[PDB]
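Residue numbers (my numbering), protein chains in the order written: chain G, 69 to 350; chain L, 145 to 212. One structure below.
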């Protein structure tokens, strides 16, 4: 195999994410790399400066990574990367143990784990005191979520997951009661407790009390962007982070070198804080 | 009424510290994440739990092995 260089134009497939990929064509029409903006495009531009490589942003209908049954099934990014028909897929994807055999990831730079978000709903004297304290005691025995386990053993408050993620794969391979009961609730009701898109979960949370089992940065991002909710507890597990690259790609090593070089100077640290500034709690 | 509310809160607390405490059973400690429990590293307890298949050993071993 050889490396042919004319302009190093790369096939960069991607899908829309917040605050990663979003359009800028409402002030004047823009296309190609100018078609979008966000943290992802900023990373692309910074990497292009370091490597002297050209990238072309192009979209696909699906943003899912495919669900894993007892037989192999992959959708969206993963099949393209296996087939080597798209040079890069810079959509952010966490590292789980099963996806390391078909594609290469980059070394993690931001640490993460599953976490949950919570919507908020914002003689005579002796007898009256006894009656009042009778349910004052009851109201202090209610806490449907104070942990993942507590969320597991009740269903009066609805919870779900984003379609085709890593969470359901994690639950189905976990043999302890909490995760398998989460998965059993997810499969039941013909996926009506699941949302095909994150924004569907956003409307579910805004309308009623809806819980999502997903990565933390999304949770504290919604917290920083809405003051009617906050992150519950801490990280329940730890799993890696990376950028999708072809399996065995020589360009992956150079990309990792460049992102590490950006890592020592702490430029990504300030850069994410640029996108970590917005309107939430005053 | 406010004094009645204070008296009711005190009475509810008096009921509840005996409603809920003191309990420290091993199953209770295992089933809650409020209290952390573990042991030394590379000890005999983990080998015993891994070699065994009792559900209790499995759940405590999962708890320690959790959080990396």
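All C-beta atoms in this analysis are idealised placements derived from N, C-alpha and C, irrespective of residue type, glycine included.
When the Cα atoms are used, what is the spatial distance from residue 280 of chain G to residue 195 of chain G? The sequence position of residue 280 of chain G within the first chain is 212, counting from 1. The sequence position of residue 195 of chain G within the first chain is 127, counting from 1. For residue 280 of chain G and residue 195 of chain G, the distance between alpha carbons rounds to 43 Å.
For residue 318 of chain G, the first and last residue of its enclosing alpha helix (DSSP H): Residue numbering aside, residue 318 of chain G sits at position 250 when the first chain is read from its first letter. 318-332 is the extent of the alpha helix (DSSP H) around residue 318 of chain G.
Status (buried if at least 16 other CB within 10 Å, exposed otherwise) for residue 202 of chain G: Reading the first chain from its first residue, position 134 is the one you call residue 202 of chain G. With fewer than 16 Cβ atoms within 10 Å of its Cβ, residue 202 of chain G is classed as exposed.
Count the other C-beta atoms from every protein chain shown that fall within 10 angstroms of the C-beta of residue 100 of chain G, then say buried if there are 16 or more, exposed otherwise. Residue 100 of chain G sits at position 32 when you count from the first residue of the first chain. Looking at its Cβ environment, which holds fewer than 16 other Cβ atoms inside 10 Å, residue 100 of chain G is exposed.
Would you list the residues sitting across from residue 99 of chain G in a DSSP beta bridge? Residue numbering aside, residue 99 of chain G sits at position 31 when the first chain is read from its first letter. Beta-bridge pairing links residue 99 of chain G to no other residue.
At the level of alpha carbons, what is the spacing between residue 333 of chain G and residue 88 of chain G? To locate residue 333 of chain G, count along the first chain from 1; it is residue 265. To locate residue 88 of chain G, count along the first chain from 1; it is residue 20. Computed Cα separation, rounded: 22 Å.
Over what stretch of residues does the beta strand (DSSP E) that includes residue 283 of chain G continue unbroken? To locate residue 283 of chain G, count along the first chain from 1; it is residue 215. Residue 283 of chain G -> beta strand (DSSP E) spans 278-283.
Kindly indicate which three-state DSSP category residue 77 of chain G falls into: helix, strand or coil? Numbered from 1 along the first chain, position 9 holds the residue referred to as residue 77 of chain G. Here residue 77 of chain G sits in strand by DSSP.
Beta bridge counterpart(s) of residue 105 of chain G as assigned by DSSP: Reading the first chain from its first residue, position 37 is the one you call residue 105 of chain G. Paired residue(s): G/90.
Whole-number beta carbon distance between residue 209 of chain G and residue 228 of chain G, since they are thought to touch under 8 Å: Within the first chain, the letter at position 160 stands for residue 228 of chain G. Within the first chain, the letter at position 141 stands for residue 209 of chain G. Not quite, the Cβ-Cβ distance comes to about 26 Å (not below 8 Å), so this is no contact.
What residues are listed by DSSP as bridge partners for residue 311 of chain G? Along the first chain, read from residue 1 onward, the residue named residue 311 of chain G stands at position 243. Beta-bridge pairing links residue 311 of chain G to G/160.
Close Cβ partners of residue 296 of chain G (< 8 Å) along its chain, the five nearest in sequence each way excluded: As a first step, residue 296 of chain G is located in the first chain; it is residue number 228 there, counting from the start. 187, 188 and 190, listed in sequence order.
Give the interface partners of residue 205 of chain G over in chain L, defined as CB-CB distance under 8 Å, in chain order. Reading the first chain from its first residue, position 137 is the one you call residue 205 of chain G. Per Cβ cutoff of 8 Å: 156, 159, 160 and 163.
Report the three-state DSSP secondary structure of residue 224 of chain G (helix, strand or coil). To locate residue 224 of chain G, count along the first chain from 1; it is residue 156. Three-state result, residue 224 of chain G: coil.
Can you pull out the residues from the stretch 179-208 of chain L whose beta carbon lies closer than 7 Å to at least one beta carbon of chain G? 203 and 206
Find the residues of chain L that neighbour residue 213 of chain G, judging by a C-beta separation of less than 7 Å, and give them in chain order. Locating residue 213 of chain G in the first chain gives position 145, counting from the first residue. Per Cβ cutoff of 7 Å: no residues; residue 213 of chain G is ~12 Å from chain L at best.
Which residue wins for smallest C-alpha separation from residue 217 of chain G, given the options G/233, G/205 and G/184? Residue 217 of chain G sits at position 149 when you count from the first residue of the first chain. Residue G/184 is the option with its Cα nearest to residue 217 of chain G.
May I ask you to report which of helix, strand or coil DSSP gives residue 133 of chain G? As a position in the first chain, residue 133 of chain G is number 65, starting the count at 1. Residue 133 of chain G falls in the coil class under three-state DSSP.
Just verifying my parser: in three-state terms, what is the DSSP assignment at residue 230 of chain G? Counting from 1 along the first chain, the entry for residue 230 of chain G is found at position 162. Strand, per DSSP.
Rounded to the nearest angstrom, what separates residue 286 of chain G and residue 203 of chain L at their Cα positions? By 1-based counting over the first chain, the position of residue 286 of chain G is 218. By 1-based counting over the second chain, the position of residue 203 of chain L is 59. Their backbone Cα atoms lie some 29 Å apart in a straight line.
Take residue 58 of chain G as the anchor and find which of G/318, G/349, G/121 and G/221 has the nearest alpha-carbon. Residue 58 of chain G falls outside the range modelled here, since chain G spans only 69 to 350, and no answer is possible.
Check whether the Cβ atoms of residue 308 of chain G and residue 171 of chain G sit closer than 8 Å, and answer yes or no. Taking the first chain and counting its residues from 1, one reaches residue 308 of chain G at position 240. Taking the first chain and counting its residues from 1, one reaches residue 171 of chain G at position 103. No, the Cβ-Cβ distance between residue 308 of chain G and residue 171 of chain G is not below 8 Å.
Residue 152 of chain L versus chain G: which residues are under 7 Å apart at the beta carbon? Locating residue 152 of chain L in the second chain gives position 8, where the first residue counts as 1. By Cβ distance, chain G contributes 197, 200, 201 and 204.
Which residues does DSSP pair with residue 205 of chain G in a beta bridge? Looking up residue 205 of chain G in the first chain gives position 137. DSSP output for residue 205 of chain G lists no bridge partner at all.
Residue 237 of chain G and residue 166 of chain G look like a contact to me (Cβ under 8 Å); what is the Cβ gap, rounded to whole Å? Numbered from its first residue, the first chain carries residue 237 of chain G at position 169. Numbered from its first residue, the first chain carries residue 166 of chain G at position 98. At roughly 7 Å, the Cβ-Cβ gap stays under 8 Å, so residue 237 of chain G and residue 166 of chain G are in contact.
Have a look at residue 278 of chain G and residue 181 of chain G and give me their C-alpha separation to the nearest angstrom. One-based indexing of the first chain puts residue 278 of chain G at position 210. One-based indexing of the first chain puts residue 181 of chain G at position 113. Those two C-alpha atoms are separated by around 19 Å.
Interface residues of chain L facing residue 193 of chain G [CB-CB closer than 7 Å]: Looking up residue 193 of chain G in the first chain gives position 125. Those are 148, listed as they occur along chain L.
Interface residues of chain L facing residue 217 of chain G [CB-CB closer than 8 Å]: Numbered from its first residue, the first chain carries residue 217 of chain G at position 149. What residue 217 of chain G touches in chain L: 175, 176 and 177.
Chain L contact for residue 284 of chain G (CB, 8 Å cutoff): Within the first chain, numbered from 1, the residue matching residue 284 of chain G stands at position 216. Residue 284 of chain G does not count as touching chain L.
How big is the Cα-Cα spacing for residue 116 of chain G and residue 201 of chain L? As a first step, residue 116 of chain G must be located in the first chain, where it is residue number 48. As a first step, residue 201 of chain L must be located in the second chain, where it is residue number 57. So the alpha carbons of these two residues sit roughly 52 Å apart.
Cut-off 8 Å between Cβ atoms - residues of its own chain near residue 213 of chain G, not counting five sequence neighbours on either side: Numbered from its first residue, the first chain carries residue 213 of chain G at position 145. So the qualifying residues of the chain are 184, 186, 219, 225, 279 and 300.
What residues from chain L crowd round residue 306 of chain G, counting only those whose CB sits closer than 9 Å? For the purposes of this step, residue 306 of chain G is identified with residue 238 of the first chain, where counting begins at 1. Correct list: 211 and 212.
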